[PDB]
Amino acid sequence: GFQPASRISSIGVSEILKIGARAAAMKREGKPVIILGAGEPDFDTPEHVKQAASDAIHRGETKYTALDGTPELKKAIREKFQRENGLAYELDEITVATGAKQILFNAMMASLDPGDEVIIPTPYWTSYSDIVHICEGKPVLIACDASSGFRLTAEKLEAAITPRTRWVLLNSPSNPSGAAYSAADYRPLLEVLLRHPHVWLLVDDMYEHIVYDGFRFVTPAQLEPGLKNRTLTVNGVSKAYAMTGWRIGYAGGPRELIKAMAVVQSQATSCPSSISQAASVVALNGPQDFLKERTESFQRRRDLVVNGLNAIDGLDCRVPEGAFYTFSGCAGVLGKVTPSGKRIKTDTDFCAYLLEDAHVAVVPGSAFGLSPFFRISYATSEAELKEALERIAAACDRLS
């Protein structure tokens, strides 16, 4: 009889998976369901990156690499940080792993002891707290509502820090709100952190290259040199280059942390795929102009969803600054009754109604730690979004 380790005892089944399972069963019943939960861009890997992978395969780059990345890829990353972020890292301050997921995992495994706290602003994707839990740490969730654009404030950060705080997670743009920090937004938070030298910064910049309206992306180790010696700047090719299947993430940070992360990586995975690494060299080093057209395509779909929802009675949707999610408010539908007699008390109730009665799957704000809201991923076709918006509107109009 199998007995799971205690370290996974606090990891449950995500509400997102439960929703996915219900939608899947409904399809088996013969009920087509639109699921608005895409977690990867609906673009392919760029052709020149595909060709670089094929060339590496042909040349026989099929052997183990250096544990935490080829020198060539580390140099491509160093150049990316300098070119794109005005951020200077040495080669021994750079690490490469199997996705940004493993970057985050390695960093927590390399640092957290039982009871160590990690401050996580919400709304947030629970994947972050599951990583903290398996490393025996304590997630400390800090709710940030629309009044601060879903962003952490200096006052809330200061009040959240305790003797056990080891990290603060700063993820911008984020899943599910799409909120991004400008330099003005970051500065008061970095001032707080300058006064807390034992608190390290876990910076997740994965949506850097999906930002809208001309937003100038910045990152804390760039803005505040006084925090560079305790910041892990996490990034990767998954979202920027539509390379989620390739599993390459990377980071820049202090050499002693990078060294500890390599100890974890040596136990967990050894080196990431040599083929994906070779692909990622050319993703970073090659032409970048194609990113503009993809951003414009995402932004057109952002506007479609935001404007669609703000034409529906009961909903109020802010304009996300980046990533490919909307996090619309739905306070206006609470208290209404469905045609079948059900009272809509929570955003959970509302999303369950949209699923069963409108055959559209969205995720309630309750699952991300802030209500009353719901998340749409618009990394899908304009046609599917238009149909889903029509169904959501019709279902909202049937509430009374």
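The first residue of the sequence shown is number 1, and the count goes up from there.
Look at the mean CA B-factor for 250 to 258 and for 306 to 314 in the entry; the higher one is 306 to 314. Note on 185 to 193 vs 161 to 169: mean CA B-factor is higher in 185 to 193. Of the candidates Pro139, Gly329, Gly99, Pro176, it is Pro176 whose Cα B-factor is highest according to the PDB record. The residue among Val234, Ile77, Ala154, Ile131 whose C-alpha carries the highest B-factor in the deposited model is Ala154.
In the deposited entry, the Cα temperature factor of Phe215 places it in the middle third of its chain's modelled residues.
In the PDB entry, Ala383 places in the highest third of its chain by CA B-factor.
When all modelled residues of the chain are sorted by CA temperature factor, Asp289 is found within the highest third. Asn106 sits in the lowest third of its chain by CA B factor, as recorded in the PDB entry.
Among all modelled residues in its chain, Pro320 ranks in the middle third by Cα B-factor.
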